[PDB]
Each structure stands twice: as structure tokens, then as C-alpha cells.
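Q: Enclosed are the sequence and the experimentally obtained structure.
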Amino acid sequence: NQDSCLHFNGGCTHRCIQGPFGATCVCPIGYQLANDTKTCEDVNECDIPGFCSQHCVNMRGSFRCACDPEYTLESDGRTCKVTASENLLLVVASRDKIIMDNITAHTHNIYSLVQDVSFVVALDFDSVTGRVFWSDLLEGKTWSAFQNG
Amino acid sequence: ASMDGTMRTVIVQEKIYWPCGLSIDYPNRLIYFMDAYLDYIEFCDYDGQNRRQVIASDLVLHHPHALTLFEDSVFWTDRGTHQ
Amino acid sequence: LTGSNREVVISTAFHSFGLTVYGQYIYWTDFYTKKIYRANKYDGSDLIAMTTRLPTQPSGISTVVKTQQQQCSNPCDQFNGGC
Ligand SMILES: *[C@@H]1O[C@H](CO)[C@@H](O)[C@H](O)[C@H]1NC(C)=O
Ligand SMILES: *[C@@H]1O[C@H](CO)[C@@H](O)[C@H](O)[C@H]1NC(C)=O
Ligand SMILES: *[C@@H]1O[C@H](CO)[C@@H](O)[C@H](O)[C@H]1NC(C)=O
Ligand SMILES: [Ca+2]
Ligand SMILES: [Ca+2]
């Protein structure tokens, strides 16, 4: 390629360096180099699904990320974590048992909440009252209880 | 639809056969939907004009039923694997 | 061949018995679903079933190719290699 890399930067956008084939060209971190082997382009990081968890804004050779008010951003610049001190609670429906699982730093605790449920099909929860709602197919009914049964 | 039924639209209409369960991601305003015949988990936007696959062409899914989300994790239940 | 790198291509394979590779694809047969499956050997990118549910548990699989194999000289072909 061009020995004139030294004279005119090889026509390259950012930087050209001499080599055995005359010209070599390079773009900095966050940039990308394309089919002409001379120009520089910007990685649109937000185009990658899940690059950062909640909000992403592209910038020249960089990115900016943000989390919603319920969440705090972590120190890395992409991850978001939840501000509330409460553990994750995961509720699953089996015909005879409303199973509940409690999560603590990737450790599990599994128990069965409510007695005398016949055939549970559907589940939801209300945060204002701190209650769990479920429906029973054999009873033909909908029930509400507290998260402690 | 609108929560009073006054507006109605169809947002996913193709590549869909036995769509079981729905979940929503509020920060991103995304809809998560799961299919038990084509055996996939996908997410789209509220208008259905951006669409992506989380799990697809994977034998892990046999008969998914229900879906939930937390942070960067997705939880689901399967009736074939009892899992 | 020395174990230097290790990766998982397909994360679920329903009790695979036999395996073969051709082109960009890896093929395997399993007892549980009575089927033959194709995947992409680098990523598991595209997964399909090459057969319907077969009436009996399938068995090992192999390939038939017209192109001549890799060739090299055999030390045994001169005077039985001294053996
Ligand atoms: C660069 O080349 C690839 C491969 O031919 C092509 O897919 C792509 O569209 C090209 N991009 C540009 C900007 O020419
Ligand atoms: C979940 O576990 C934590 C830690 O043991 C405990 O404080 C909390 O009460 C538990 N919540 C439920 C609903 O079990
Ligand atoms: C169950 O939770 C409710 C709501 O916090 C509380 O009023 C009640 O005392 C609790 N009961 C038990 C047995 O923990
Ligand atoms: Ca960028
Ligand atoms: Ca299925």
C-alpha cells in the first residue's frame, strides 16, 4: 500500500503507521475500521442487545448508560442493580401447593405457603397490600393471602 | 389495547403458533412472549416493530407455560419437563 | 486433540448415542425422541431434526463421501515394516 502513509497519513481518518506494506491504519478504542481499510467508524454499542441493562446512548467511540429510579447503576458502567433491600421472592403454582422460593446471593430456600389449595393455575401479587393472589380450577374461585400464608 | 378497551391493535401476527405467556420489562418497555409449538422465547417492543430471540432452536424448551423477569434474568416454567 | 481448549456446542441433546460431522454441521442421533438432529458445529446456531419420529430407537450414524481421503505413506507397506 502507500509509502505516503508518512506524508498524508495514508488518507486514513485517525492514524497511519509505516510497515512492510507501506501503510497500516488504526482507530482507537471503541472505534472500528471498514472495507476501505482507511476510515474509522464508531461501534453503536446500544445496537448490541443487552450491552447495558436499561438505557443506552451512543457516543463517538463511547457509550453512556442509565438505570431507572428503582435501580442503582454499578461501578463498571453497564450493570444495574436494585436498591430495595428485600430478597427476590419467586412463587410457582403446583396443583396442591403454592411453592415459594427466597433468593439470597444466589442461594435458595424453598417452602410451601398456603394450606388447602386444590388446583392452582394463575398467580399475581399486589405490592401495596403485600399480598399474593391465585386462582383455583377445582374450586372455581380466586383467593388472596399475605406473603406469609 | 388500552386498559379500558378503547383502543385495540395486533402487534405479533407471524411466526407464532401456541403463544402461551407474557411478561413486561418496564425500564426498556419491552414485551416478553413465549411459544410452545415453535418452542421459543422472544422479546419485542410495545408496537411489535423490534423483535429479538432469547432462546430459539434449543431443545431446552419442550412445553413452556409461564414467564417472569427480574434484573437480567428470565424465569419460566415447563410442563413437559415438569421443571 | 490434546484437550487444550474445551467448549460446549449443544447444551441439551436428549441422550445422544451416535455422532458424525460434515461441512459446517454436526449430526447426532438419540434414543429419547427417536430422531436424528443437525446443528452447526461452531455455535449450535441452527438446530433441526432431519427425520420424523422413527418407529424404533435409532442407532449409530456415519457418512458416505465421494472425495478421496487424506493420504500419506505407510511404513508397513515395505517388507511389512519389519514386523
Ligand atoms: C463491506 O463488505 C461486506 C462484505 O462484502 C459487505 O457485506 C458490507 O456491506 C460492506 N460494507 C460497506 C460499507 O461497503
Ligand atoms: C427471605 O429471606 C430473608 C433472609 O433469610 C428473610 O429475612 C425474609 O423474611 C424472607 N422472606 C420470605 C418471604 O420468606
Ligand atoms: C403476615 O404478614 C402480615 C403483613 O406484614 C402481618 O400483619 C402478619 O402479622 C404476619 N403474620 C405472621 C404470622 O407472620
Ligand atoms: Ca459508540
Ligand atoms: Ca413444544
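A: Yep, it's here. Numbers count the residues shown, from 1 in each chain, chains lettered A, B, ... in the order given. Ligands and ions are numbered 1, 2, ... in the order given.

Q: use CA for all of it now, contacts and neighbours both
A: OK.

Q: buried residues in the helix or strand where residue A:81 lies?
A: Using DSSP states H and E, residue A:81 maps to strand A:80-82. By 16 or more other Cα atoms under 10 Å in any protein chain shown, the buried positions in strand A:80-82 come out as A:80, A:82.

Q: Surely residue B:18 touches residue B:36?
A: Yes - with contact defined as Cα atoms under 8 Å, residue B:18 reaches residue B:36; the gap is 5.6 Å.

Q: of those two, who's got more company?
A: residue B:36 (19 against 13; other Cα atoms under 10 Å in any protein chain shown).

Q: which ones are touching that one?
A: Going by Cα atoms under 8 Å, 6 or more residues apart in numbering or on different chains, residue B:36 touches B:17-20, B:61-65.

Q: can you tell me if stretch C:7-15 touches chain B.
A: Yes - for stretch C:7-15 and chain B, the contact criterion (Cα under 8 Å from any Cα of the partner chain) is met by C:12-13.

Q: So which bits of that stretch are buried?
A: C:10, C:13.

Q: ends of that stretch, how far apart?
A: Terminal residues of stretch C:7-15 lie 19 Å apart, using Cα to Cα, to the nearest Å.

Q: before we move on, back to that, let me have the contacts of residue B:36 in a markdown table, adding distance to ligand 5 and secondary structure as columns.
A: Below are the contacts of residue B:36 laid out as a markdown table (distance: Cα to the ion, whole Å; DSSP: H, G, I helix; E, B strand; the rest coil):
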| residue | distance to ligand 5 | secondary structure |
| --- | --- | --- |
| B:17 | 10 | coil |
| B:18 | 9 | coil |
| B:19 | 11 | strand |
| B:20 | 11 | strand |
| B:61 | 7 | coil |
| B:62 | 4 | coil |
| B:63 | 5 | coil |
| B:64 | 8 | strand |
| B:65 | 10 | strand |
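
Q: ok, of the residues you listed, which one's closest to residue A:12?
A: residue B:61 (49.2 Å; Cα to Cα).

Q: pretty sure the closest one is touching residue B:77, no?
A: No - Residue B:61 lies out of contact with residue B:77 (Cα under 8 Å); the separation is 9.5 Å.

Q: Which one's more surrounded, those two?
A: Neighbours were counted for residue B:61 and for residue B:77 using other Cα under 10 Å; residue B:61 has more, 24 against 17.

Q: got the phi/psi numbers for the more buried one?
A: For residue B:61, the backbone dihedrals (degrees, to the nearest 10) come out as phi -90, psi 120.

Q: Tell me, how many residues neighbour the closest residue to it other than its chain neighbours?
A: Residue nearest to residue B:61 in three dimensions, not counting chain neighbours: residue B:39, with 5.8 Å by Cα to Cα, 6 or more residues apart in numbering or on different chains. Neighbour count of residue B:39, defined by other Cα under 10 Å: 21.

Q: Make sure residue B:39 is actually in contact with residue B:54.
A: No - applying Cα under 8 Å, one finds residue B:39 not in contact with residue B:54, separated by 11.3 Å.
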